[PDB]
Every structure is written in C-alpha cells, then in structure tokens.
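Raw contents of coords.cif, mmCIF, C-alpha atoms:
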data_entry
#
loop_
_atom_site.label_atom_id
_atom_site.label_comp_id
_atom_site.auth_asym_id
_atom_site.auth_seq_id
_atom_site.Cartn_x
_atom_site.Cartn_y
_atom_site.Cartn_z
CA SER X 82 68.69 60.72 -10.45
CA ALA X 83 66.46 57.75 -9.68
CA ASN X 84 63.46 59.89 -8.75
CA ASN X 85 62.44 62.44 -11.37
CA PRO X 86 59.51 64.39 -9.85
CA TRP X 87 57.66 64.48 -13.18
CA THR X 88 57.80 60.85 -14.32
CA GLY X 89 54.43 59.15 -13.99
CA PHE X 90 52.52 62.35 -13.16
CA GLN X 91 50.15 64.51 -15.17
CA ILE X 92 50.99 68.20 -14.89
CA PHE X 93 48.10 70.42 -13.85
CA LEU X 94 47.60 73.13 -16.49
CA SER X 95 47.22 76.62 -15.03
CA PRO X 96 43.64 77.77 -15.70
CA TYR X 97 44.78 81.36 -15.16
CA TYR X 98 47.49 81.25 -17.81
CA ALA X 99 44.88 79.32 -19.78
CA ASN X 100 42.46 82.21 -19.32
CA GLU X 101 45.13 84.76 -20.26
CA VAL X 102 45.98 82.71 -23.36
CA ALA X 103 42.34 82.22 -24.38
CA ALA X 104 41.63 85.94 -24.12
CA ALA X 105 44.85 86.66 -26.01
CA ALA X 106 44.18 84.18 -28.84
CA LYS X 107 40.77 85.66 -29.65
CA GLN X 108 42.48 89.00 -30.39
CA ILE X 109 45.03 87.52 -32.83
CA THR X 110 43.59 88.18 -36.28
CA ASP X 111 45.44 85.72 -38.53
CA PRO X 112 43.41 82.49 -38.15
CA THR X 113 46.40 80.14 -38.36
CA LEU X 114 48.28 82.12 -35.72
CA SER X 115 45.23 82.45 -33.47
CA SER X 116 44.79 78.67 -33.30
CA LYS X 117 48.48 78.17 -32.53
CA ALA X 118 48.17 80.79 -29.78
CA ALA X 119 45.15 79.06 -28.24
CA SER X 120 47.11 75.80 -28.08
CA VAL X 121 49.69 77.42 -25.77
CA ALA X 122 47.06 76.84 -23.08
CA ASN X 123 47.88 73.12 -23.30
CA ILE X 124 51.56 73.72 -22.45
CA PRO X 125 52.35 73.45 -18.72
CA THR X 126 53.67 76.53 -16.92
CA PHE X 127 54.52 77.47 -13.35
CA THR X 128 52.13 79.47 -11.15
CA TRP X 129 53.90 82.36 -9.44
CA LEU X 130 52.97 82.88 -5.80
CA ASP X 131 54.23 86.43 -5.96
CA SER X 132 52.03 87.65 -3.07
CA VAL X 133 49.86 86.35 -0.23
CA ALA X 134 46.84 87.18 -2.39
CA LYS X 135 47.87 84.31 -4.72
CA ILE X 136 47.74 81.66 -1.96
CA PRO X 137 43.99 80.95 -2.31
CA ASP X 138 44.66 80.31 -6.02
CA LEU X 139 47.17 77.63 -4.99
CA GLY X 140 44.47 76.05 -2.85
CA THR X 141 42.06 75.98 -5.78
CA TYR X 142 44.69 74.46 -8.08
CA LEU X 143 45.54 71.73 -5.58
CA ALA X 144 41.87 70.84 -5.13
CA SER X 145 41.17 70.95 -8.87
CA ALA X 146 44.21 68.79 -9.60
CA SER X 147 43.10 66.26 -6.98
CA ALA X 148 39.69 65.93 -8.62
CA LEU X 149 41.08 65.83 -12.19
CA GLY X 150 43.41 63.01 -11.24
CA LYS X 151 40.56 60.96 -9.81
CA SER X 152 38.49 61.66 -12.95
CA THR X 153 41.28 60.52 -15.31
CA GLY X 154 43.10 57.85 -13.27
CA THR X 155 46.22 60.01 -13.08
CA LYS X 156 48.42 61.35 -10.29
CA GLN X 157 48.61 65.11 -10.66
CA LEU X 158 51.45 67.60 -10.19
CA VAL X 159 51.13 71.34 -9.53
CA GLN X 160 54.02 73.66 -10.44
CA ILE X 161 54.62 76.76 -8.31
CA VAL X 162 57.15 79.55 -7.80
CA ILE X 163 57.84 80.82 -4.29
CA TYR X 164 58.54 84.51 -4.96
CA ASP X 165 57.83 86.90 -2.09
CA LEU X 166 61.07 87.61 -0.22
CA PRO X 167 61.30 90.81 1.83
CA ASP X 168 63.22 93.45 -0.15
CA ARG X 169 62.69 91.28 -3.22
CA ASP X 170 65.03 91.67 -6.21
CA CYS X 171 67.68 93.58 -4.27
CA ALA X 172 69.85 94.49 -7.31
CA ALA X 173 66.95 95.77 -9.40
CA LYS X 174 66.09 99.42 -9.82
CA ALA X 175 62.53 98.53 -8.74
CA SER X 176 60.70 95.59 -7.19
CA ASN X 177 57.07 94.55 -6.81
CA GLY X 178 57.52 92.61 -3.54
CA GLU X 179 54.95 93.40 -0.81
CA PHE X 180 57.33 92.72 2.12
CA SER X 181 60.19 94.82 3.43
CA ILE X 182 62.97 93.90 5.83
CA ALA X 183 62.36 97.07 7.83
CA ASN X 184 58.71 96.15 8.50
CA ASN X 185 58.91 92.64 10.04
CA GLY X 186 59.82 91.10 6.71
CA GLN X 187 61.05 87.83 8.21
CA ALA X 188 57.89 87.16 10.22
CA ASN X 189 55.67 88.20 7.32
CA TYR X 190 57.49 85.92 4.88
CA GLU X 191 57.33 83.04 7.36
CA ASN X 192 53.59 83.56 7.60
CA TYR X 193 53.37 83.51 3.78
CA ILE X 194 55.18 80.16 3.79
CA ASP X 195 52.96 78.90 6.62
CA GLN X 196 49.84 79.73 4.59
CA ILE X 197 51.25 77.87 1.57
CA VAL X 198 52.17 74.84 3.70
CA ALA X 199 48.68 74.86 5.22
CA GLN X 200 47.16 74.58 1.74
CA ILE X 201 49.55 71.87 0.53
CA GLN X 202 49.00 69.82 3.71
CA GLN X 203 45.32 69.37 2.80
CA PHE X 204 45.96 67.69 -0.59
CA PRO X 205 48.48 64.87 -0.04
CA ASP X 206 47.44 63.04 -3.22
CA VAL X 207 48.76 65.94 -5.36
CA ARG X 208 52.49 66.36 -5.97
CA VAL X 209 53.99 69.86 -5.86
CA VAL X 210 57.17 71.09 -7.52
CA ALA X 211 58.39 74.51 -6.39
CA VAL X 212 61.03 76.86 -7.76
CA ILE X 213 62.44 78.71 -4.75
CA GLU X 214 62.84 82.49 -5.05
CA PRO X 215 64.08 83.62 -8.45
CA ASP X 216 66.47 86.57 -8.34
CA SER X 217 67.50 86.00 -4.71
CA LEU X 218 70.44 83.73 -3.79
CA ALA X 219 72.25 84.51 -7.05
CA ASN X 220 72.57 88.13 -5.87
CA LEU X 221 74.43 86.90 -2.79
CA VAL X 222 77.11 85.43 -5.06
CA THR X 223 77.89 88.37 -7.34
CA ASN X 224 76.04 91.42 -6.00
CA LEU X 225 77.12 91.88 -2.38
CA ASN X 226 78.53 95.25 -3.47
CA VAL X 227 74.92 96.33 -4.07
CA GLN X 228 74.08 97.78 -0.68
CA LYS X 229 70.44 96.66 -0.77
CA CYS X 230 71.70 93.11 -1.38
CA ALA X 231 74.35 93.29 1.35
CA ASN X 232 71.68 94.51 3.76
CA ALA X 233 69.25 91.80 2.60
CA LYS X 234 71.74 88.90 2.80
CA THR X 235 70.79 87.55 6.21
CA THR X 236 67.06 87.91 5.46
CA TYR X 237 67.31 86.17 2.09
CA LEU X 238 69.22 83.29 3.68
CA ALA X 239 66.87 82.99 6.65
CA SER X 240 63.72 83.27 4.56
CA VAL X 241 64.85 80.81 1.89
CA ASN X 242 65.87 78.46 4.70
CA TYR X 243 62.41 78.73 6.26
CA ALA X 244 60.78 77.96 2.90
CA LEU X 245 62.98 74.92 2.25
CA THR X 246 62.66 73.58 5.79
CA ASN X 247 58.89 73.90 5.99
CA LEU X 248 57.93 72.95 2.43
CA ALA X 249 60.00 69.79 2.91
CA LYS X 250 57.65 68.81 5.76
CA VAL X 251 54.82 68.50 3.24
CA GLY X 252 56.92 66.67 0.66
CA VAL X 253 57.31 69.46 -1.91
CA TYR X 254 60.02 68.81 -4.50
CA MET X 255 62.16 71.93 -4.62
CA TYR X 256 64.64 73.52 -7.02
CA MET X 257 66.36 76.66 -5.73
CA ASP X 258 66.76 79.41 -8.29
CA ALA X 259 70.35 79.59 -9.51
CA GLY X 260 70.38 82.35 -12.09
CA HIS X 261 71.69 81.40 -15.52
CA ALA X 262 74.91 80.80 -17.43
CA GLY X 263 75.61 84.52 -17.80
CA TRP X 264 75.13 85.13 -14.10
CA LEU X 265 76.55 82.23 -12.08
CA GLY X 266 77.96 80.20 -14.99
CA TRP X 267 81.05 82.35 -15.43
CA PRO X 268 83.80 79.90 -14.36
CA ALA X 269 84.94 82.22 -11.57
CA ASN X 270 81.42 82.35 -10.09
CA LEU X 271 80.90 78.57 -10.04
CA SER X 272 82.71 77.78 -6.80
CA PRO X 273 81.28 80.73 -4.81
CA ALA X 274 77.84 79.69 -6.07
CA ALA X 275 78.37 76.05 -5.11
CA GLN X 276 79.56 77.10 -1.66
CA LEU X 277 76.45 79.22 -1.10
CA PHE X 278 73.94 76.67 -2.38
CA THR X 279 75.52 73.88 -0.37
CA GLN X 280 75.43 75.98 2.82
CA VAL X 281 71.74 76.65 2.17
CA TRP X 282 71.10 72.94 1.56
CA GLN X 283 72.97 72.09 4.79
CA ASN X 284 71.03 74.63 6.86
CA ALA X 285 67.75 73.13 5.62
CA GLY X 286 68.84 69.67 6.76
CA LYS X 287 69.92 68.24 3.39
CA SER X 288 66.32 67.13 2.84
CA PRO X 289 65.98 64.74 -0.13
CA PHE X 290 63.10 66.95 -1.30
CA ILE X 291 65.67 69.67 -2.06
CA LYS X 292 66.41 68.19 -5.46
CA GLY X 293 68.68 70.85 -6.86
CA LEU X 294 68.56 74.07 -8.83
CA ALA X 295 66.45 75.88 -11.43
CA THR X 296 68.20 77.88 -14.15
CA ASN X 297 67.30 80.42 -16.81
CA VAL X 298 64.07 81.32 -14.95
CA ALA X 299 62.43 84.24 -16.75
CA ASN X 300 65.47 84.45 -19.01
CA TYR X 301 66.27 83.69 -22.64
CA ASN X 302 69.45 81.60 -22.83
CA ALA X 303 69.75 78.51 -24.96
CA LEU X 304 69.93 75.16 -23.25
CA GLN X 305 72.21 73.98 -26.07
CA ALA X 306 73.33 76.77 -28.39
CA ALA X 307 74.18 75.99 -32.00
CA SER X 308 76.89 78.67 -31.70
CA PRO X 309 77.65 81.12 -28.88
CA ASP X 310 75.50 84.21 -28.66
CA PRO X 311 77.80 87.26 -29.01
CA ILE X 312 76.59 88.50 -25.62
CA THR X 313 78.53 85.61 -24.05
CA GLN X 314 82.06 86.65 -25.08
CA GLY X 315 84.55 85.85 -22.35
CA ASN X 316 82.43 83.08 -20.79
CA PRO X 317 83.10 79.53 -22.04
CA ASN X 318 79.77 78.54 -20.45
CA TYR X 319 77.66 80.22 -23.12
CA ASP X 320 74.49 78.17 -22.62
CA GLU X 321 72.68 76.44 -19.80
CA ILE X 322 74.06 72.96 -20.47
CA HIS X 323 77.63 74.25 -20.15
CA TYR X 324 76.74 76.03 -16.89
CA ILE X 325 75.01 72.98 -15.41
CA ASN X 326 77.75 70.57 -16.52
CA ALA X 327 80.26 72.79 -14.72
CA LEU X 328 78.32 73.45 -11.51
CA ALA X 329 76.85 70.00 -10.81
CA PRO X 330 80.14 68.26 -9.84
CA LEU X 331 80.89 70.93 -7.24
CA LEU X 332 77.57 70.21 -5.53
CA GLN X 333 78.15 66.45 -5.83
CA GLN X 334 81.47 66.78 -3.98
CA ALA X 335 79.57 68.34 -1.08
CA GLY X 336 77.33 65.25 -0.85
CA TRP X 337 74.43 66.79 -2.80
CA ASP X 338 73.89 64.92 -6.08
CA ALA X 339 71.81 67.82 -7.32
CA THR X 340 69.61 67.79 -10.40
CA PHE X 341 68.31 70.71 -12.39
CA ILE X 342 65.38 72.18 -14.26
CA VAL X 343 65.80 74.76 -17.04
CA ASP X 344 63.29 77.38 -18.19
CA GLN X 345 63.02 77.47 -22.00
CA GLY X 346 59.69 79.29 -22.25
CA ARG X 347 61.24 82.35 -23.95
CA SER X 348 64.35 80.70 -25.46
CA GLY X 349 63.13 79.94 -28.99
CA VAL X 350 65.05 82.87 -30.49
CA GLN X 351 68.74 83.36 -29.69
CA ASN X 352 70.98 86.34 -30.48
CA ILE X 353 68.35 88.98 -29.57
CA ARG X 354 70.10 90.86 -26.75
CA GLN X 355 72.54 93.73 -26.81
CA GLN X 356 74.05 92.79 -23.44
CA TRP X 357 73.70 89.52 -21.53
CA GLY X 358 72.25 91.24 -18.47
CA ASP X 359 69.30 92.73 -20.37
CA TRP X 360 66.32 90.84 -18.96
CA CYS X 361 63.15 92.89 -19.45
CA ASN X 362 60.66 92.05 -22.23
CA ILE X 363 63.41 91.25 -24.72
CA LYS X 364 62.12 92.09 -28.19
CA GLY X 365 61.68 89.23 -30.65
CA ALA X 366 61.68 86.43 -28.10
CA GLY X 367 59.93 83.25 -29.15
CA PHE X 368 58.48 80.34 -27.23
CA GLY X 369 61.17 77.68 -26.87
CA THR X 370 61.39 73.93 -26.34
CA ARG X 371 58.22 72.66 -24.75
CA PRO X 372 58.48 71.15 -21.25
CA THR X 373 59.85 67.62 -21.27
CA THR X 374 61.91 65.20 -19.22
CA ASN X 375 63.84 64.44 -22.45
CA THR X 376 66.53 66.94 -21.52
CA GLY X 377 69.75 65.71 -23.12
CA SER X 378 71.66 65.71 -19.82
CA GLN X 379 72.23 63.43 -16.84
CA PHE X 380 71.87 66.49 -14.62
CA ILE X 381 68.56 67.84 -15.92
CA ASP X 382 65.24 66.43 -14.74
CA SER X 383 63.09 68.65 -16.96
CA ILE X 384 62.93 71.46 -19.41
CA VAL X 385 60.17 73.68 -18.00
CA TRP X 386 58.27 76.90 -18.71
CA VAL X 387 58.64 78.81 -15.45
CA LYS X 388 58.02 82.41 -16.54
CA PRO X 389 54.69 82.39 -18.43
CA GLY X 390 55.40 84.04 -21.77
CA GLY X 391 53.06 86.96 -22.41
CA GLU X 392 53.01 88.17 -18.82
CA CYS X 393 55.04 91.37 -18.74
CA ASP X 394 58.40 91.65 -16.97
CA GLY X 395 57.96 95.33 -16.12
CA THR X 396 56.69 98.66 -17.40
CA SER X 397 58.60 100.89 -19.80
CA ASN X 398 56.82 103.95 -18.34
CA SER X 399 59.42 105.98 -16.44
CA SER X 400 56.66 107.69 -14.42
CA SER X 401 55.60 104.45 -12.72
CA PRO X 402 56.81 103.95 -9.13
CA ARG X 403 57.72 100.42 -10.28
CA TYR X 404 59.83 101.60 -13.23
CA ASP X 405 63.12 99.79 -13.87
CA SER X 406 65.09 101.44 -16.69
CA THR X 407 66.15 98.00 -17.96
CA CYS X 408 62.60 97.90 -19.38
CA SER X 409 63.32 100.90 -21.66
CA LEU X 410 66.59 99.62 -23.22
CA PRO X 411 66.81 99.38 -27.03
CA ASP X 412 66.29 95.62 -26.84
CA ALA X 413 63.18 95.85 -24.61
CA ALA X 414 59.78 95.73 -26.31
CA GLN X 415 57.98 99.02 -25.69
CA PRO X 416 55.59 100.38 -24.69
CA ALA X 417 55.22 97.70 -22.01
CA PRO X 418 52.62 97.51 -19.21
CA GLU X 419 53.16 96.82 -15.50
CA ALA X 420 54.91 93.63 -14.42
CA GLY X 421 52.75 90.52 -14.44
CA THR X 422 49.99 92.04 -16.55
CA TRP X 423 49.29 90.76 -20.03
CA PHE X 424 51.45 92.10 -22.89
CA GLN X 425 49.42 91.12 -25.94
CA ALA X 426 51.84 92.20 -28.68
CA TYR X 427 54.69 90.38 -26.93
CA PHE X 428 52.63 87.20 -26.70
CA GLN X 429 51.71 87.33 -30.37
CA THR X 430 55.39 87.51 -31.31
CA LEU X 431 56.25 84.69 -28.88
CA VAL X 432 53.75 82.60 -30.85
CA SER X 433 54.89 83.75 -34.29
CA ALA X 434 58.58 83.23 -33.43
CA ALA X 435 58.15 79.93 -31.58
CA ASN X 436 60.98 77.47 -32.14
CA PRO X 437 60.24 74.61 -32.47
CA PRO X 438 57.15 75.89 -34.29
CA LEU X 439 53.82 75.43 -32.56
#
Can the structure from this file be put into structure tokens for me?
Amino acid sequence: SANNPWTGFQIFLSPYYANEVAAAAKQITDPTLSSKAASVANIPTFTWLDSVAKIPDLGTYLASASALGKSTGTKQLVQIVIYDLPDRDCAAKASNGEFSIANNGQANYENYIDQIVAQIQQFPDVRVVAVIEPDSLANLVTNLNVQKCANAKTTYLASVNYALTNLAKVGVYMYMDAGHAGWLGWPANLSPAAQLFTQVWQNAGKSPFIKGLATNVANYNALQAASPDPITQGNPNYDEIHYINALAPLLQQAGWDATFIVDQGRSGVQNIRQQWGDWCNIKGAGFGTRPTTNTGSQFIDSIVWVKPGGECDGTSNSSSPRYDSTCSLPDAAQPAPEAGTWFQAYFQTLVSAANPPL
C-alpha cells in the first residue's frame, strides 16, 4: 500500500526484552555466542500486553520513545500485542488469561482497552502498531466445534471489535491476528476466514487504521520455503507467502485492500515439527529473518518479530494448573518453565541456530 506504518520511523527497542537478553547473554559461556546473543537486544520485537499489569509498561515505553525521538531527530514507533481476551485461547488445554466470560469478561476487557487508549492518547508524537489478539479469531473459523470456542464466539467478536474501534480513535495501526498457513491457509479455510475478517473490519467501521492481518505469530513457518516442510502435506499453501497470496484477493474483493505482517522470529530452522499443529517450545528453533520492510511481496508491509524468542510458550510440568500437554510432545523442548518466563537453554539454541546467522 501507499502507507507502510514503518517507513520513516525508528522502532523503539523493548528495554524489557533487552533486559532479558542481557541477563541471558551473560550466562552463555562461549564468548563468540555470548556476543551474538547480546546483539539480539538490538533487534526490534513486540511488547505483549498480556494483562492489565503490563499497561503501565506501555506508558513508560511511549514516554521513553517520545524522548528518544526528540534526542535523535527521529519519529518513533512502539510495537504492541493486544492479548487479554476473556476465555483467552479457547481451543487450548490451558490459558493464562486473567479474564473470564462468566465474570464480566466483556466489561473487564473494555476497561483494559480503555486503559491502553488512555496511555496512547497522551503521546501523539509516537506511532503505535498493534497486533490484535493472537489465537482468537482464527478459532472462530476452524474450531467452533470446540465448545469453549463456540461459547466464546460472541465475546471474542465483541471484544476484538471494541479494541479495533477504540484504538482507531487514537490512530493505532492495527493488524488482526490471522493464524498461519497451516491454520487458515488451507484452501478450504480461506473463504470462511476472509468472510470473518471482513465482517470484523465492517463492524469496526472499515477504519483505514485497520491495515490488515498478522500471520505466523508465535509460530515457526517459513515465509518462503525452499521446499515444503513434510508437516504441510495436503496443503498447497505450505508457507506464509502462499497463504497471504491466496487470502489477500478475497479481502480486496470486499473493499479492504489489506496488507500483512509476518512473524519470523522463530522461523530460522524449518522441518523441526512432527505435526503442523505442534506450537509449544519447538525444539531446535532458530531466530529467523530480522524485521524488515523488504518483504518480497506486494501484500506484506513488514517481516516482524512478534513473539520474543526465549520467552517460554508454556510449562512442560503436568502438575501446573497452566499445563498444556502440547508442551510435553516429543518435539517440545523440555523441561520448560511457565509461559512468558525466560527459557535460557531455548534462547541459547535460538542464537546458535539463527538463520541468517547473527
């Protein structure tokens, strides 16, 4: 499109991920690898607003970015993930979301959005890009047979709508999560997905700030695969570029010339999964293509690092109340700590296996 949110801006580098990386690099014993690990702190990532407790961090990042831009003559851009739906991750065996539909989820989520908007409103000289609710709308395409998802459908739609509608009022550039090629990229899922995303875009007023869709968030697919990963058998859309090339025209026909961003933060190593759906701490993952607007596709505004590699996807401990058995599969690195906490051994391999090399 004409307006790529990133062009002409300096991305704000998460100091938190930076602090996680710095603490991680000092523990890596090979000197060459330690220095490569430390440099990961210079690679832009998304900040996950996975709870209300993270909202003051957003405020600090906006204010810090504003000052850094004035100190360097740059216009700054802060990258966030909106990730706090009631009954979050409805098809998972476990979720870490603090809100539940049964306990005023809709009002509580609205208040979470209101608090985020109230921060963003105070810093109009900083640009914000938001990924909207990973692991949400995609479930409403393929997983309505999951009763928790069927029962969450109206809440997911209403809450995502509230986020889009109100973040647009403060000029946030938004990409709704749209799964990945092995989820919504199956040819038969493309039209149901397009119908859902376009209804969501319509309900939120077709705001020009709703730029399009984010794919491969927290996943491991190639953007452009040299050859299909065996997990993809049966799906001609075996990588993200095939998925995006197929989905984009369906959105265009609806009047939404949507563009895309693609997570590649853990995509450096292909052919590491037993089954395509295995998502938790996949063993042997490497850091992938660094964020760039040089994407190779008319439809793609940026390659991004949405999930911050090194932060765990979930515990392998079956005694945890947050345990999802996906995190104990033969292709999941174990033992693994609780979701979001630092997984040092996993980070060190992400560095060692980075492709392109760091």
request  = List, as a list in words, every residue that the PyMOL selection byres ((chain X and resi 286) around 12) selects in the file provided.
outcome  =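 Selected by the PyMOL selection byres ((chain X and resi 286) around 12) in this file: residues 242, 243, 245, 246, 247, 249, 250, 279, 280, 281, 282, 283, 284, 285, 287, 288, 289, 290, 291 and 337 of chain X.
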Result set, the PyMOL selection byres ((chain X and resi 387) around 12) on current file, as a ChimeraX atom specification = /X:95,98,124-130,160-164,210-215,256,258,295-301,342-348,368-369,371-372,383-386,388-390,392
C-alpha atoms of the current selection, written as a PDB file, in the frame of the given file:
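In the end it all went to out.pdb:
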ATOM      1  CA  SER X  95      47.220  76.620 -15.030  1.00  0.00           C
ATOM      2  CA  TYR X  98      47.490  81.250 -17.810  1.00  0.00           C
ATOM      3  CA  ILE X 124      51.560  73.720 -22.450  1.00  0.00           C
ATOM      4  CA  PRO X 125      52.350  73.450 -18.720  1.00  0.00           C
ATOM      5  CA  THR X 126      53.670  76.530 -16.920  1.00  0.00           C
ATOM      6  CA  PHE X 127      54.520  77.470 -13.350  1.00  0.00           C
ATOM      7  CA  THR X 128      52.130  79.470 -11.150  1.00  0.00           C
ATOM      8  CA  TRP X 129      53.900  82.360  -9.440  1.00  0.00           C
ATOM      9  CA  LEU X 130      52.970  82.880  -5.800  1.00  0.00           C
ATOM     10  CA  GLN X 160      54.020  73.660 -10.440  1.00  0.00           C
ATOM     11  CA  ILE X 161      54.620  76.760  -8.310  1.00  0.00           C
ATOM     12  CA  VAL X 162      57.150  79.550  -7.800  1.00  0.00           C
ATOM     13  CA  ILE X 163      57.840  80.820  -4.290  1.00  0.00           C
ATOM     14  CA  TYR X 164      58.540  84.510  -4.960  1.00  0.00           C
ATOM     15  CA  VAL X 210      57.170  71.090  -7.520  1.00  0.00           C
ATOM     16  CA  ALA X 211      58.390  74.510  -6.390  1.00  0.00           C
ATOM     17  CA  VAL X 212      61.030  76.860  -7.760  1.00  0.00           C
ATOM     18  CA  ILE X 213      62.440  78.710  -4.750  1.00  0.00           C
ATOM     19  CA  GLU X 214      62.840  82.490  -5.050  1.00  0.00           C
ATOM     20  CA  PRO X 215      64.080  83.620  -8.450  1.00  0.00           C
ATOM     21  CA  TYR X 256      64.640  73.520  -7.020  1.00  0.00           C
ATOM     22  CA  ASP X 258      66.760  79.410  -8.290  1.00  0.00           C
ATOM     23  CA  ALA X 295      66.450  75.880 -11.430  1.00  0.00           C
ATOM     24  CA  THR X 296      68.200  77.880 -14.150  1.00  0.00           C
ATOM     25  CA  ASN X 297      67.300  80.420 -16.810  1.00  0.00           C
ATOM     26  CA  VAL X 298      64.070  81.320 -14.950  1.00  0.00           C
ATOM     27  CA  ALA X 299      62.430  84.240 -16.750  1.00  0.00           C
ATOM     28  CA  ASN X 300      65.470  84.450 -19.010  1.00  0.00           C
ATOM     29  CA  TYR X 301      66.270  83.690 -22.640  1.00  0.00           C
ATOM     30  CA  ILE X 342      65.380  72.180 -14.260  1.00  0.00           C
ATOM     31  CA  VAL X 343      65.800  74.760 -17.040  1.00  0.00           C
ATOM     32  CA  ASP X 344      63.290  77.380 -18.190  1.00  0.00           C
ATOM     33  CA  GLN X 345      63.020  77.470 -22.000  1.00  0.00           C
ATOM     34  CA  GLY X 346      59.690  79.290 -22.250  1.00  0.00           C
ATOM     35  CA  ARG X 347      61.240  82.350 -23.950  1.00  0.00           C
ATOM     36  CA  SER X 348      64.350  80.700 -25.460  1.00  0.00           C
ATOM     37  CA  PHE X 368      58.480  80.340 -27.230  1.00  0.00           C
ATOM     38  CA  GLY X 369      61.170  77.680 -26.870  1.00  0.00           C
ATOM     39  CA  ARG X 371      58.220  72.660 -24.750  1.00  0.00           C
ATOM     40  CA  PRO X 372      58.480  71.150 -21.250  1.00  0.00           C
ATOM     41  CA  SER X 383      63.090  68.650 -16.960  1.00  0.00           C
ATOM     42  CA  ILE X 384      62.930  71.460 -19.410  1.00  0.00           C
ATOM     43  CA  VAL X 385      60.170  73.680 -18.000  1.00  0.00           C
ATOM     44  CA  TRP X 386      58.270  76.900 -18.710  1.00  0.00           C
ATOM     45  CA  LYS X 388      58.020  82.410 -16.540  1.00  0.00           C
ATOM     46  CA  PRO X 389      54.690  82.390 -18.430  1.00  0.00           C
ATOM     47  CA  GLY X 390      55.400  84.040 -21.770  1.00  0.00           C
ATOM     48  CA  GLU X 392      53.010  88.170 -18.820  1.00  0.00           C
TER      49      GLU X 392
END
query = Care to translate the PyMOL selection byres ((chain X and resi 417-431) around 6) into actual residues of this file, as a ChimeraX atom specification?
reply = /X:366-368,391-397,415-416,432-435
Interatomic distance, atom CA of residue X:150 to atom CA of residue X:103 (Å, one decimal) =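 So the answer is 23.3 Å.
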Excluding same-chain residues fewer than 5 positions from residue X:355, what lies within 10 Å of it counting all atoms listed in the file, as a PDB file with C-alpha atoms, keeping the file's coordinate frame?
ATOM      1  CA  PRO X 311      77.800  87.260 -29.010  1.00  0.00           C
ATOM      2  CA  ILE X 312      76.590  88.500 -25.620  1.00  0.00           C
ATOM      3  CA  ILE X 363      63.410  91.250 -24.720  1.00  0.00           C
ATOM      4  CA  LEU X 410      66.590  99.620 -23.220  1.00  0.00           C
ATOM      5  CA  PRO X 411      66.810  99.380 -27.030  1.00  0.00           C
ATOM      6  CA  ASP X 412      66.290  95.620 -26.840  1.00  0.00           C
ATOM      7  CA  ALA X 413      63.180  95.850 -24.610  1.00  0.00           C
TER       8      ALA X 413
END
ask   = Can you tell me how far atom CA of residue X:377 sits from atom CA of residue X:323, in Å to one decimal?
value =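 The value is 12.0 Å.
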Residue with smallest distance to residue X:145 - pool X:225, X:339, X:94, X:294, counting only C-alpha atoms = X:94
